[PDB]
Structures are given as structure tokens and as C-alpha cells.
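Q: Sequence plus experimental coordinates follow:
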Amino acid sequence: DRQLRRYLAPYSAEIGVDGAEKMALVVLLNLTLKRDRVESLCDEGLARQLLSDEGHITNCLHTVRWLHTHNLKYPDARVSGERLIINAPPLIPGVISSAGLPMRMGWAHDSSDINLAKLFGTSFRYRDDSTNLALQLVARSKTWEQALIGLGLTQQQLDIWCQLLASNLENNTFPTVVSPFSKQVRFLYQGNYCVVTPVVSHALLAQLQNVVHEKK
RNA sequence: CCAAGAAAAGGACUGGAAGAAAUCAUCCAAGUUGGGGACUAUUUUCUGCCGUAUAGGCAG
């Protein structure tokens, strides 16, 4: 059912997977293929086969390096450079912003990672909080690791991935230089001028897509 | 020191043909508008002559 793909989409409400970690790994791995090649996201065999392909998974692990909280390319695909990962600013009583929302990440690098990026960057509700596959494996979450080894992964392959997967989330969180296609505007601040560059919040935009259709 | 600064959407056209809304049908009954009254006020046009003359022309 297409409704499963809808509920796992970035513009839909998050769904719980507690006690279903085995089928969650199967569905999430199966999403890495083009829709024309998959008759069902529930086939354990296809998942066990995809998991054994270190190259396919390696190509998927590589997408983690560009997961972000704020998207510097949103209005204009020409912007080139590094990702941006920042905790939401303190709440201002008179302003609507990401300050009142929980932590979420998205993906945007070369435009050919639409399917391969879905294995680690797809979020879900777990232990009654918002998480994703990359975070549970980096944090050494045993329930997910036990299901993943059960689906055919060698302990030695997992012991190596925990390290490479974690490493991809440990650096390049702030751009080195201002990119040549970004916006720059200047105003007075504390008696002198400062240049401001705006950026769109992933969590805030994704929520708006749901609220306008539900609240009319 | 205005989500900063610059930007040519342009070219060509053929919707045409035919046509039958008809038949009948009844607005009636009575009715009471009605009593009073200053347009002349501080206003100008008055007096002689020619002429058969309330015609028609002139001096003050």
C-alpha cells in the first residue's frame, strides 16, 4: 500500500516502530530501490539480499555526510559548499520559529541520492521520541543491532560501520567561507554594522506543509 | 546601508450545416376634506409748445 510510503515521507506525521524493529529494517532497506523494481517493501528475502551487498550499503553510508538541520541551497540549487547543523535558537515570546520544535534532519547533495539516502535519513518515533536509523546505530542501541545481525549482517561488518557511520556525523557542521551564490544583507547591531545571511529551517517548513492542509 | 546588485517570451490560424409551443379560461360589493385672512408701502414719470387731432413730432 502506497500509504506506507506516505507515512514515511518527510511531510507526514511520524509513526511508531516499537517492537517492530525487524520489519522496520526490511522496509527501510527496500526503499533504496527504484519503485519499478519492487513488488513489496515487506519481502524479507530481498532485504537479506540487499544487506549482503557491501557496495550498495557503502553508497548509502556515504549520504550521511550531507544530512543537515538547515538547507543553504533551498531557494537556489546553484549554491555550492558545506552543510549546516545547529540546535534551534532560544524561544522569543513574540516570534514564531524553530525554537518550539523537536530536532529533525534532511538530505541535499548531488540529486542522484534520492533512494540511497532513505536507508539512514528516514525518521520515525521510537521509545516515545523522534529518532532515525543512523542515530540508533551510532548510539549503540542493542535492540536494532540484534535485529540487524539476525537479518544476516556479520558482527565484524557492524563493528566497522558503527565507526564509519559515527565519523560522518562528527565534523563539517559549519561552512568554512561564505558561498558566492548566498544572500548577504547589512544593518546596525550594538552601534555598528553586521552582515546577515538567512537560511530555511527543515523542521519548520516540513511542519507547515501538514498544518495548512489539516487546519484549512 | 530595502531575501542586497543586473534581465525582450516571441513567431503562424477559417466552427459550420437543418427546425412549428399550442389549445381554453367572468374582479366584485359600499363608502361627507374643512374651518379664518389688507400687496402698498417714504413713493420719483411734473410743467409748456406745433398741430382739424387721446394721431405724430419738440422745449424745460
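A: The structure has been received and is ready for your questions. Numbers count the residues shown, from 1 in each chain, chains lettered A, B, ... in the order given.

Q: Please make it C-alpha for all contacts and neighbour counts, starting now.
A: Noted.

Q: buried ones in stretch A:144-152?
A: A:144-145, A:147-148, A:151 (16 or more other C-alpha atoms under 10 Å).

Q: next one: stretch A:171-191
A: A:173, A:182.

Q: Say whether RNA strand B is contacted by that stretch.
A: Yes: Stretch A:171-191 is in contact with RNA strand B by C-alpha under 7 Å from any atom of the strand, via A:181-188.

Q: Contacts made by that stretch with the rest, please.
A: A:72, A:78-86, A:193-198 (C-alpha atoms under 8 Å, 6 or more residues apart in numbering).

Q: For that stretch, C-alpha coordinates in PDB please.
A: These are the backbone C-alpha positions of stretch A:171-191, laid out as PDB (Å, rounded to 0.1, in the frame of the first residue of the first chain):
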ATOM      1  CA  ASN A 171      32.700  17.200  11.600                       C
ATOM      2  CA  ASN A 172      31.800  19.800   8.800                       C
ATOM      3  CA  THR A 173      28.800  21.200  10.800                       C
ATOM      4  CA  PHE A 174      29.600  24.900   9.900                       C
ATOM      5  CA  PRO A 175      30.700  26.300   6.400                       C
ATOM      6  CA  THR A 176      34.400  27.500   6.200                       C
ATOM      7  CA  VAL A 177      33.700  30.500   3.800                       C
ATOM      8  CA  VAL A 178      30.500  32.400   2.700                       C
ATOM      9  CA  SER A 179      29.400  30.700  -0.600                       C
ATOM     10  CA  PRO A 180      29.400  33.100  -3.700                       C
ATOM     11  CA  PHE A 181      25.700  32.500  -4.500                       C
ATOM     12  CA  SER A 182      24.300  33.100  -1.000                       C
ATOM     13  CA  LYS A 183      22.400  36.200   0.200                       C
ATOM     14  CA  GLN A 184      24.100  39.000   2.200                       C
ATOM     15  CA  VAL A 185      22.200  42.000   3.900                       C
ATOM     16  CA  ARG A 186      23.600  44.600   6.500                       C
ATOM     17  CA  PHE A 187      22.000  46.500   9.400                       C
ATOM     18  CA  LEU A 188      23.200  48.300  12.600                       C
ATOM     19  CA  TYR A 189      23.800  46.000  15.700                       C
ATOM     20  CA  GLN A 190      25.200  47.200  19.000                       C
ATOM     21  CA  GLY A 191      26.300  50.500  17.500                       C
END
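
Q: follow-up on the earlier one: so which of the contacts of stretch A:171-191 are in strands?
A: Secondary structure from DSSP state E places A:193-196 of the contacts of stretch A:171-191 in strands.

Q: Let me know the closest of those to RNA strand B.
A: Lowest distance from RNA strand B to the ones in strands among the contacts of stretch A:171-191 (C-alpha to the nearest atom of the strand) belongs to residue A:193, with 6.7 Å.
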